[PDB]
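J.: Got a structure for you, questions after.
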Amino acid sequence: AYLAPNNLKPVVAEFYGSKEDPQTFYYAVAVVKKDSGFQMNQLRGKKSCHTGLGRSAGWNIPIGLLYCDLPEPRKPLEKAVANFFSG
Amino acid sequence: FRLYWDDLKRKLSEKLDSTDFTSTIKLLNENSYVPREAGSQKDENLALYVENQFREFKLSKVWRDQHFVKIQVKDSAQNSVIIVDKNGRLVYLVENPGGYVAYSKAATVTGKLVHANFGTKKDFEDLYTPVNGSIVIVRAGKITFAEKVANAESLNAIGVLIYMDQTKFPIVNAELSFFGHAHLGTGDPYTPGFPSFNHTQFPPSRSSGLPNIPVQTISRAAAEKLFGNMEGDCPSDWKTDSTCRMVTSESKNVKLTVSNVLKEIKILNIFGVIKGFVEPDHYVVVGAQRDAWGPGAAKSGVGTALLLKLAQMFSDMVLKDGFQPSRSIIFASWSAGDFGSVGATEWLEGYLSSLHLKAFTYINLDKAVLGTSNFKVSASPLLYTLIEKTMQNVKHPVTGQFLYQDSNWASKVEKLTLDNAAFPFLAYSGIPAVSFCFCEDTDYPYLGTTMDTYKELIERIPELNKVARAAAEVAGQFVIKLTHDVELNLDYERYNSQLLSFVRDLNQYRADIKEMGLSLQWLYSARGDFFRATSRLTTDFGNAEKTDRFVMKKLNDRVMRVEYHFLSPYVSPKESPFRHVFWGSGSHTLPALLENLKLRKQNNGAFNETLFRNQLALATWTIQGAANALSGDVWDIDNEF
Amino acid sequence: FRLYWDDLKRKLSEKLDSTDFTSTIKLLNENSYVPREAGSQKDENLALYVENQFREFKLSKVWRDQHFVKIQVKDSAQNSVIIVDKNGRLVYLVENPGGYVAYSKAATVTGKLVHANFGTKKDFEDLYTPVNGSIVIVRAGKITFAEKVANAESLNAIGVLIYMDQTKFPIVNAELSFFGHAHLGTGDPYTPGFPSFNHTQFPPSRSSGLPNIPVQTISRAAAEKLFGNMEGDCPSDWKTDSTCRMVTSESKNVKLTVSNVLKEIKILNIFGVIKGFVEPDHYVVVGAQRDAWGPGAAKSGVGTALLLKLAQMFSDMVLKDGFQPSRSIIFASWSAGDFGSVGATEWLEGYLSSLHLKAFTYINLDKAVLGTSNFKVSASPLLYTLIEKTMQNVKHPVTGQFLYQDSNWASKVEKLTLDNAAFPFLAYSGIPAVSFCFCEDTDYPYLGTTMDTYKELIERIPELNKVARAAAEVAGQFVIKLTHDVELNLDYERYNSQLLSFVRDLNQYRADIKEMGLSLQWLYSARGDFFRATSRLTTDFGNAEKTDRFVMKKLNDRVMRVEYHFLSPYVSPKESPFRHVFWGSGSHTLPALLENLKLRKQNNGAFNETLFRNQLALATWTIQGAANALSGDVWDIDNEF
Ligand SMILES: *[C@@H]1O[C@H](CO)[C@@H](O[C@@H]2O[C@H](CO)[C@@H](O)[C@H](O)[C@H]2NC(C)=O)[C@H](O)[C@H]1NC(C)=O
Ligand SMILES: *[C@@H]1O[C@H](CO)[C@@H](O[C@@H]2O[C@H](CO)[C@@H](O)[C@H](O)[C@H]2NC(C)=O)[C@H](O)[C@H]1NC(C)=O
Ligand SMILES: *[C@@H]1O[C@H](CO)[C@@H](O[C@@H]2O[C@H](CO)[C@@H](O)[C@H](O)[C@H]2NC(C)=O)[C@H](O)[C@H]1NC(C)=O
Ligand SMILES: *[C@@H]1O[C@H](CO)[C@@H](O[C@@H]2O[C@H](CO)[C@@H](O)[C@H](O)[C@H]2NC(C)=O)[C@H](O)[C@H]1NC(C)=O
Ligand SMILES: *[C@@H]1O[C@H](CO)[C@@H](O)[C@H](O)[C@H]1NC(C)=O
Ligand SMILES: *[C@@H]1O[C@H](CO)[C@@H](O)[C@H](O)[C@H]1NC(C)=O
Ligand SMILES: [Ca+2]
Ligand SMILES: [Ca+2]
């Protein structure tokens, strides 16, 4: 959003904890179904559901952990992620 | 759909394992094309063949461009080199040379002969025997012919004989002749500065480079007869054979006669263009020389082979396969590259107002395949990073290794010499130029020769198809990498290391500069200003969107003219055409400023102090002005306060 | 609610109905700012006032610039003129002149005296007596002082005296003395072609236009005392006083002594900008001169007052009202505008790299108000159509009718004189320019004298406010017409009449061009190619979308360099700077070719045939080169066949 020619800026942030102890960060987690038996490593070719393309907890951190485990061609990223995740 | 990079180099290799260069290099060596001087009939038949091919490959537009020039050709009378006795009675001759030198003088003289190593200025000032009034002999190689004749003209000699020894040039046939242009500078010399079309009506003029002394090329076996009569030994520091001798005996003295006549001949240039889809008017020029003096397969054969096969390849990839370029590509075959490259220089002086700021890279395919061992490149610094990435993709033809063996190669690169055909694009026009060769450590023996032909070429290189495949692959990486993307791959970071090299070269003379009463600090701050301009531009590529085009055009125009702003705006383009302050010729360039400065220490009287003050002012303000024009608008230049 | 041209014109007129120029002319003439020599302290306080006002009107960036220039002021010894015999013993003192000519050489000489009417180049042949070996007097007016000193210096004279008669300059006071610069050319002379910044180390260099002879100004009663001793009678073509005489008596003699010393002063330029919203980096410059030798109420107060009020109206109209200009606007206050306007010329030669293709119009608000009878414009011809429409929308301040009264005014327009501040921009940089005056039939009499004060200007022009309002309205019309719309209003077809006038002028000397052995017809065809170029470009403005921006930027980049391609690329900018083939000085422009052919019909032996044929080749290929640069690309030519 701040790239030219948009040139924007955050004006008001929001906090998530209780009122008396305000918290400005939020953790990112990866939910699975029980008794499937695959780890973070042996994750290849499993289906996944994201929250959007370019959002923080959905695209940048989960692909951001594992983008170097993919084989080249690295870019465009959605192509090689599209061949990593089956569906 | 779309095609990205890794798909596209794969598509190039799939188009490239099918083509055959060997049959085409046989085709350019048939008996219907084989002697082709410029303006000859065989040149025009080859130009009709190429101009037919650019139509048959379905190029977007094919066009011809002709103009009339003045070359020099042999006379119907022979030119000889002939030993004269002191008696004047018995006269003995050494050779009637089959090969001649272009742009020499029609004259005939006698006198003493004095050996010189290569005709470096260092050689002439290292000599013991006085040079003046005496014909000289030099060995071909390490310098252009024209600078040999230029130095031998500055030391007031009469005659120049040029030959090929065996140590630098190992061959078997001792009776062999060759060819060279003697014009210092480039272009058609009888029209300097303005183009040689038929609109100028050919006013009387003459260049500055043309010597006033007869030049002649002799064979090795002719040099053995002259070394049979001389005496005084070659010093051992010259890595030479055992026969060369310094000066003539006091009895005999040689007689050089050279008789050449001017001629005015018609020059054809053939072009074909592939259009672009986002920005069609910006383009990139790919060239090759179309002729050579002898049979000519090393000089102009491999260039025209690579050019025809590349035009087939990219026209086929755009038409059938689905590749989509963003900028146009011009493929070009000009003639008369052998007379100091007039076919290209007369084109640049022709259309300079139209390719101002438009053409952003020239590529040279000329003399691509000579040796099989090494890989040598010579380029503008803007292209260096580009070549680095290409050396990490292409494989060697003989061994399975990559080209990127030496990770420290940016210092070994030598600047573009004047006998290269990419030099008037870089130094005169301001287009970033690149040339390359697979070259063996010693240079190629019969390169301007009557024995340059496909038989002896395939004797030297036993696998020519694979090496031509590699060189066409490298030029493919350059064109595709320059054209498919929205971001140019000209790397403007690279001039900064040149500037650090220059100011660091001036710090060792800060002691002499401080004695004159003038400081050096403004030139340091000029280097710093160019640093902050390039860093600011890189960050402005950091903040730009990539899919947007209107904010990437404004950042690409600033990249395109970082080469044009190093051309000096304080000289006349007729009086001295090569105006690039780094890589030029005259009194305005930066090693001319160093070469002016180091002569003050020896205290001869050759230093010119007022000239040094003007050179410091104009070099400082040219570098500082490029650093203003790379960073932002007018108001965003920060002044000295 | 967008703003179109009608709302914006009535919005500008609602702004001009309110402002009061007369208080600001009275404010730039207060006792704390009144004597403004270049670099003196009284310039500085006005300069901080103008920078302070530009900060106060909320401009988007206000920035300043200071650099050091050599001027030439009066020494402590008084230069003077005196009448002596052949020995020197007869001494009769004429006077001691208050005014002085800057850049006149410092020397003392004697000699007899010869008159000339103005020192036109036509005058010295029409004169009876030989000029050499003798001092001349000339009469002030109709040409610059530098052309008088250059002509009389070109015919071997020794000194020049300058006076103001009663017929051309009717003034009551017969004591008044005056000022003028004598550099032929523009700018700081001791740095020719490069800027006077202290980055450039101040090298020893001397401009090639400075004179060699002592030049001096005298008053009117000081001239008549010399007319008492001189014997003769003027021709009746010279409309003059009754008391002029041609030459001295034979026993008489005139010695003048001139003592002027160089000084090194500090120069300021004060700038402000208004940013643009579509294209910020393209801008239009509006200037003014800040200092003048006398009080300077007609020469600097009116220009600076109009500049400050245009800053108020445009910054007010962008901030409050809702105007949105698509291009930036630079307001400028040049200092030392009187020694040949060195502020502007050192500003261009400083920042020529950053102004390359960016700036595209200057407007000169200098000497706008001089009388109330006529309206006299002088501009580069791309603005002519623009001035057409502006002259249909500005009412004359005295009579209520419009200013476009004569339907044929494009032929009455004279070219830009060298003392005008727009002439370094148009002639040197290739930027379109315009100046304009409300000039009376006779020129403003006391312009560069000490008599130029405010109350004389309000007595000469009785309603200064409405006239200054009309000139401010014309400048506001120009600035809005260039920077509101997606289309530039630079009309490029107006050059076609200029090329037709040139070739039609050479078509009378076709009979001698056929005698030399070269045809003219290639230059006919060059004019034709420029016509089909501008026709094809008018078609491309026809078939484009107006809403789209990426195609109109590609066309406006092709219009914005129709002026740069008339700068001749074959001459050094440092040697002969004014490189414009139409409108500039040198041996390369088109009047120099018409002159250099016109000499041959005299059969004097003075014409230079090689220089002619060379000039014809360069001028022909320059016109054909601009024609190729307009019409499309490299492959859409439409070449030889
Ligand atoms: C372009 O210039 C060339 C050079 O003079 C002209 O070619 C010559 O024309 C003359 C007369 O027609 C003949 O001697 C030959 O045809 C040409 N001479 C040589 C040496 O080639 C040519 O005619 C000019 N082009 C035009 C259109 O006038
Ligand atoms: C050293 O530089 C000076 C620069 O002034 C040269 O002197 C003059 O240079 C101008 C160039 O505009 C020539 O027109 C003059 O003819 C030169 N005068 C002389 C006496 O040479 C000078 O030529 C340079 N070289 C040397 C060896 O002094
Ligand atoms: C840049 O140039 C100016 C002019 O040459 C220098 O100003 C002069 O400095 C000396 C030394 O202090 C004074 O004697 C002169 O009077 C100064 N000139 C004027 C016109 O006042 C200036 O010092 C130089 N350097 C800088 C950093 O501005
Ligand atoms: C006429 O033009 C010629 C060509 O420029 C002049 O001749 C020479 O011009 C060169 C400049 O290129 C200078 O070295 C000299 O002016 C001339 N050199 C000589 C004569 O050896 C010539 O001076 C011009 N004027 C006249 C009256 O002929
Ligand atoms: C130039 O050559 C002649 C040859 O006779 C020689 O005598 C003379 O010394 C040479 N000039 C100089 C300066 O040595
Ligand atoms: C120049 O003046 C002298 C004397 O004043 C005269 O003899 C000479 O003829 C003049 N020169 C010319 C070209 O007339
Ligand atoms: Ca030429
Ligand atoms: Ca200057």
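Count begins at 1; order follows the chain as displayed.
The header says electron microscopy, 3.7 Å.
Placed from the backbone N, Cα and C atoms, the Cβ positions cover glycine too.
Positions annotated as domain 'PA' by Swiss-Prot: B:104-194. The feature N-linked glycosylation site is assigned by Swiss-Prot to B:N132, B:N198, B:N608, with experimental evidence given as support. Taken from Swiss-Prot, the feature region 'Ligand-binding' applies to B:450-641.
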J.: What does the structure give for the C-alpha distance between B:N198 (N-linked glycosylation site) and B:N132 (N-linked glycosylation site)? Integer Å is fine.
T.: 43
J.: Here are some glycosylation sites: B:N132, B:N608. Which one has the most Cβ atoms within 10 Å of its Cβ?
T.: B:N608
J.: What subset of the glycosylation sites B:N132, B:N198, B:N608 has a Cβ positioned less than 8 Å from a Cβ of chain C?
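T.: It is B:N198, listed by sequence.
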J.: With helix taken as DSSP H, G or I, strand as E or B and everything else coil, how many residues of the domain 'PA' (B:104-194) land in each class?
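T.: In the domain 'PA' (B:104-194), the DSSP-based counts are 16 helix, 20 strand, 55 coil.
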J.: Identify which of the following glycosylation sites, namely B:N132, B:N198, B:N608, place a Cβ less than 6 Å away from any atom of ligand 1, and list them by sequence position.
T.: B:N198
J.: For the glycosylation sites B:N132, B:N198, B:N608, which sit with their CB under 6 angstroms from an atom of ligand 2?
T.: B:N608
J.: How many other Cβ atoms are found within 10 Å of the Cβ atom of B:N198 (N-linked glycosylation site), counting all protein chains shown?
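T.: For B:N198 (N-linked glycosylation site), the count of other Cβ atoms within 10 Å is 11.
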J.: Expressed to the nearest Å, what is the distance separating B:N132 (N-linked glycosylation site) and B:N608 (N-linked glycosylation site) at their Cα atoms?
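T.: With the alpha carbons as reference points, the distance is 26 Å.
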J.: Which secondary structure state does DSSP assign to B:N198 (N-linked glycosylation site), in the simple three-class scheme?
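T.: The three-state answer is coil.
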J.: Can you list which of these glycosylation sites (B:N132, B:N198, B:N608) have a Cβ closer than 6 Å to ligand 5?
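T.: The qualifying glycosylation sites are B:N132.
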